[PDB]
Amino acid sequence: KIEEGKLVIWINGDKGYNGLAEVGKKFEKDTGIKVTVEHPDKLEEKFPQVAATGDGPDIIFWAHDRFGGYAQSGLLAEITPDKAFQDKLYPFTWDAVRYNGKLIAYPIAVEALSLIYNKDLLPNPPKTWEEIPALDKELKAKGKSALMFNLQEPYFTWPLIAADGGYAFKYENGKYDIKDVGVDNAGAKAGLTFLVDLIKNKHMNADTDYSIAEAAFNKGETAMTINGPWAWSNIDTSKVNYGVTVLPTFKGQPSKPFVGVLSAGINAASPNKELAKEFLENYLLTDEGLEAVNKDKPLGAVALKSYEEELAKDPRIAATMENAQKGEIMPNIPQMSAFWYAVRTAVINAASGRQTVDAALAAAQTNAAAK
Amino acid sequence: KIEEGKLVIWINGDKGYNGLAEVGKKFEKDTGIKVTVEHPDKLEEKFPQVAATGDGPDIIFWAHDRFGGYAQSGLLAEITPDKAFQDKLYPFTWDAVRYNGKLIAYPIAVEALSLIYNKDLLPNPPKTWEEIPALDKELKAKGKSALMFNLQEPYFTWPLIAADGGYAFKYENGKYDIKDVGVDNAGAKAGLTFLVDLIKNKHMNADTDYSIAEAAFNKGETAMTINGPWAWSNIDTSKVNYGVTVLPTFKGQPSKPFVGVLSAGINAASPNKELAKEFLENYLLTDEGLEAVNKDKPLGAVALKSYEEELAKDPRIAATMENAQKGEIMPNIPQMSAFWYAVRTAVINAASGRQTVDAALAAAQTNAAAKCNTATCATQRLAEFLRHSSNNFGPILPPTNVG
Ligand SMILES: OC[C@H]1O[C@H](O[C@H]2[C@H](O)[C@@H](O)[C@@H](O)O[C@@H]2CO)[C@H](O)[C@@H](O)[C@@H]1O
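Judging from the entry metadata, X-ray crystallography is the method by which this structure was determined, and 2.89 Å is the reported resolution.

Shown next as structure tokens:
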């Protein structure tokens, strides 16, 4: 049986299992729990045999595809990494370890075939499969051949077969169910009710608009406001000891703000398309260009890598980045417009007693879904 | 309308439009095309109204959430940035401007609401929403109020609404369709016909297996081969000057290799599930962890963004990761077993001439797509299975190695 207070790990005998023992070691050091790394023969065959009885390793390392049957046989626990951790890994890897919508393993490595060419014999490798016969007829003249690879395993021949539209099984990509809208479920009620309770007790005030908030906070007239980076500069100019922290919790759950990516689109009816492409690529989305905008109003965590690695040292950006990981990125589907529209008049009517919280959110559901 | 040889730019009123205007200065100093930076009210409702007529700005600035609606209205042009430029921007910011497969804008910055407070008025910031009633009563006497944010835009009120269960549209994760298998469709028949043609024209030999191609390449007999990271070590000690690049395209489209993702799963019967979680997330899936494994034996490309950026660099890994991203993830569904032995027979029969390309792939197709569940169709699949169940069971001597 699996021993509590200790980690046993299985991994194939052709992997860097000694280096893994090193890692399990630094772990045993800092926490005082031994980590043994083993590599049994036929481990892909042995694991489901013993893990069914309650035995086996705590962690097992194998190619992701074999994990589907493991999860089918109830041998793998569902994996619970936060959004902060999932960002660290590539998104397609998380798809390789999803079975029945649940994450069942941590991806480690990525494997794929490549074209390997002889620099001496072929310093300019071909870019199209079509130009290999011509290259071969030429290379055959010097007693050589252009291409030789394993033809007896479909793992090696599939890249060519799959190029023009072959596939094993069709994978339906991710999407938003525009018929499953959640603006009148229990959680949405508790939130909006709480906000409308904050005005039934005079703690807030209904027609408080954007400018009233900026003025009142930048006059030491209120203890806190909620806003994004663009409004930081005017609080510098107001000389106020402002801090930027994580949003408060509601019912022990963090506030989930919608995350926007400021974006620049080129109009389709513009005759000056290339000049706009030149302005954004070579003047704005540059280290010097983004700084020009950022010193007017703070941009946030920019998309350009170079400049972001500099602004990331700002503790308030890392606070903004922290709050972004607690929230969701916004969809870009056309129905986003009807959602914002509906929720807007829901919050207002509920906030001014024009409609009850329940009735306002109820009307918001239909308007977000059918329009 | 919009006139040629200028740029009209619309950004929102609360952004840094003066600083953006100065970027139009430098654009007009060097490129001297006039740049007018505007900021109308209700900017995102105004843009599709005028751009439908052919009016509006040249460039429009907003959060990504509106651009798909603009795109479905036929108002935005497809963004055509080259590969060199795409690597300067974070890959997930591009995701925000992808719509129906195409990019429709340039990502600029990530925006998120935060709680900002008044240190000299409040020492420690609160942690719960349910405790501001106390802070407010404690404060209304001292002179002022606690919270005051914009209640006219739902963008500001939403973080609280979503906290306990509110959401816009439930994200339904992607999955496979076991009814839709494509081993005998036009694309597969095209690529396989091309492969068999190489054999017919004696550019390749249908008997070539793994060990032949490795020797022929590691001895300078053939210019190229197709292999994985596991085979690099043998090419090293062969003293062949080899490079590893992207796979050749066919019919203008990239070759799609199967992608294998080495993964660490936690035993469902483990009593140490968080110890495993702490070990994998905080110790192994770091730069130091993967490097310790990679130094013992190469992982190839890794799934950790931070350590993969450093690993390639190595052009062999950069190509391995690029071919992977262009390829097909191995499906983890039980039907893959049929695909594996049916396609294997399919390719061999076609390259050897026993079956036409069309007929070989059609045979593997019905083996992987059930569809028909009458006894005639089921016993046919039963019969084909019992023959790909090769009966060895005897000892393999010497055993496949380990040490
Ligand atoms: O409130 C609805 C509104 O929310 C978002 O707009 C944000 C925008 O992302 C920020 O850059 C800043 O301007 O604050 C705005 C809220 O007033 C959505 O982007 C927008 O589509 C939506 O209408």
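Alright, that's what it looks like, and here's the rest.
Caption draft 1: Representation of the site of the ligand within the structure. The ligand sits among 14 residues. The nearest are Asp-65, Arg-66, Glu-111, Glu-153 and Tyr-155 of chain B. Neighbouring residues of the ligand are not confined to one chain but are distributed across chains A and B. Contact distances for the ligand include 2.9 Å between an oxygen atom and a backbone N or O atom of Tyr-155 of chain B. Within the complex, the protein chains bury 93% of what would otherwise be the 470 Å² of accessible surface of the ligand. Taken together, the elements giving at least two residues each to the shell around the ligand come down to β3 (59-63) and α7 (154-161) of chain B. When we break the shell around the ligand down by domain, the ones giving at least three residues each are domain 1 (6-103) and domain 2 (116-174) of chain B.

Caption draft 2: Highlighting the interface of chain A and chain B. At the junction of the two partners, chain A supplies 245 residues and chain B supplies 246 residues. Buried surface at the junction of chain A and chain B, summed over both partners, amounts to about 23500 Å²; 63% is from carbon and sulfur atoms. Looking only at chain A, the three residues that lose the most surface to chain B are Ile-116, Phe-169 and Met-224 of chain A, adding up to 4% of its buried area. On the surface where chain A and chain B come into contact, there are 7 salt bridges. When residues in the side of chain A that touches chain B are grouped by element, the largest group, 11 residues, is from helix α1 (residues 17-31) of chain A. Two strands pair when backbone bridges link them, and strand β3 (residues 59-63) of chain A and strand β16 (residues 262-266) of chain B are joined in this way by 5 bridges, in the antiparallel orientation. Bridge pairing in β16 of chain B places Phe-61 of chain A opposite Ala-264 of chain B.

Caption draft 3: Focus on a negative patch on the surface. A cluster of acidic residues, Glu-288, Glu-291, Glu-309 and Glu-310 of chain A together with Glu-309 of chain B, forms a negative patch on the protein surface. Contributions of two or more residues to the negative patch are made by α12 (287-294) and α13 (305-311) of chain A. Among the residues examined, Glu-309 of chain A registers a relative accessible area of 56% and is labelled exposed.

Caption draft 4: Main features of the pairing of strand β2 (residues 35-38) of chain A. All names here are of chain A. Residue alternation in β2 divides its side chains into a buried set, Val-35 and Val-37, and an unburied set, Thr-36 and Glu-38. In this structure, strand β1 (residues 7-11) lies alongside β2, joined through 4 bridges in parallel fashion. Its bridge partner being in β2, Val-8 is matched across the sheet by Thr-36. With respect to chirality, the unit in which β1 leads through α1 into the neighbouring parallel β2 is right-handed.

Caption draft 5: Quick look at the side chain of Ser-270 of chain B. Mapping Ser-270 of chain B onto the fold places it in the loop between β16 and α11 (273-284). Here the side chain of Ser-270 of chain B touches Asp-58 of chain A through a polar contact of 2.5 Å, side chain to side chain. Sequence-distant contacts of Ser-270 of chain B, that is, excluding residues within four places in its chain, are made with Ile-2 and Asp-58 of chain A.

Caption draft 6: Quick peek at the domain arrangement of chain A. Looking at chain A, the domain boundaries give domain 1 (7-103) and domain 2 (114-171). Spacing between the C-alpha centres of domain 1 of chain A and domain 2 of chain A amounts to 35 Å.

Caption draft 7: Examining the packing of aromatic side chains more closely. A complete count under the given rule lists 41 aromatic pairs over all chains for this structure. A centroid spacing of 6.5 Å and a plane angle of 80 degrees characterise the contact between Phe-85 of chain B and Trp-94 of chain B, whose relative ring orientation is edge-to-face. As far as burial versus exposure is concerned, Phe-85 of chain B and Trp-94 of chain B are alike and both buried. Ring geometry for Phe-339 of chain B and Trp-340 of chain B: centres 5.4 Å apart, planes at 75 degrees, overall edge-to-face. Taken together, the aromatic side chains of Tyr-210, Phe-258, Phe-339 and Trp-340 of chain A together with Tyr-155, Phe-156, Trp-158 and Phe-169 of chain B make up a single cluster linked through ring pairs. The side chain of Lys-15 of chain B reaches across the aromatic face of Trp-230 of chain A, ending 4.4 Å from its centre. The ring of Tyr-167 of chain B carries the charged tip of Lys-170 of chain B above its face, separated from the ring centre by 4.9 Å.

Thresholds, definitions, all that
- Sequence order sets the numbers: each chain starts from 1, possibly unlike the entry numbering, and residues with no coordinates are not included.
- Lettering of chains starts at A and numbering of ligands starts at 1, both following the order in which they are written.
- Hydrogens and water molecules were not included; the side-chain quantities draw on all heavy atoms of the structure.
- Any residue with a heavy atom positioned within 4 Å of a molecule or strand is treated as near that molecule or strand.
- Between N or O atoms, a polar contact is any pair within 3.5 Å; within protein, one atom must be a potential hydrogen donor and the other a potential acceptor, and residues adjacent in sequence are included only when both atoms are from side chains.
- Residue burial considers only the protein chains on display, and all accessible areas are found by Shrake-Rupley using a 1.4 Å probe.
- Secondary structure elements are taken from DSSP: a helix is a run of H or I of four residues or more, a strand is a run of E of two residues or more, and numbering for both begins at the N terminus.
- What fixes the domain bounds is an automatic or database domain assignment.
- Two residues qualify as a contact provided that any one of their heavy atoms is within 4.5 Å of a heavy atom in the partner residue.
- Once two parts are joined, some of their accessible surface, as seen by a 1.4 Å probe, is lost; buried area is that loss totalled over both.
- Any carboxyl oxygen of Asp or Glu that lies within 4 Å of a side-chain nitrogen of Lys or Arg is treated as forming a salt bridge with it.
- Strands are treated as partners if at least two bridges between them are detected by DSSP.
- Put simply, a patch holds well-exposed residues, over 30% relative accessible area, that have no salt bridge, with like charges counted together within 9 Å and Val, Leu, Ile, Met, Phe, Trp or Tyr side chains within 5 Å.
- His is not counted here, nor are the chain ends, while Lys and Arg score as positive and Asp and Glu score as negative.
- The location of each charge is read from NZ of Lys, CZ of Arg, CG of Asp or CD of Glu.
- Think of it in three bands: with a 1.4 Å probe and only protein chains considered, a residue is buried below 20% of the maximum accessible area for its type, exposed above 50%, and partly exposed in between.
- Seen with its strands pointing away from the viewer, a crossover is right-handed when the path leading from the first strand over the helix to the second is clockwise.
- For this analysis, a ring pair means two rings from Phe, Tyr or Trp (six-membered ring only for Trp) whose centres lie within 6.5 Å, classed as stacked if their planes differ by under 30 degrees, edge-to-face if by over 60, and tilted for the remaining angles.
- Note on geometry: a ring has a charge over it if NZ (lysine) or CZ (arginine) is within 6 Å of the ring centre and within 35 degrees of the ring normal.

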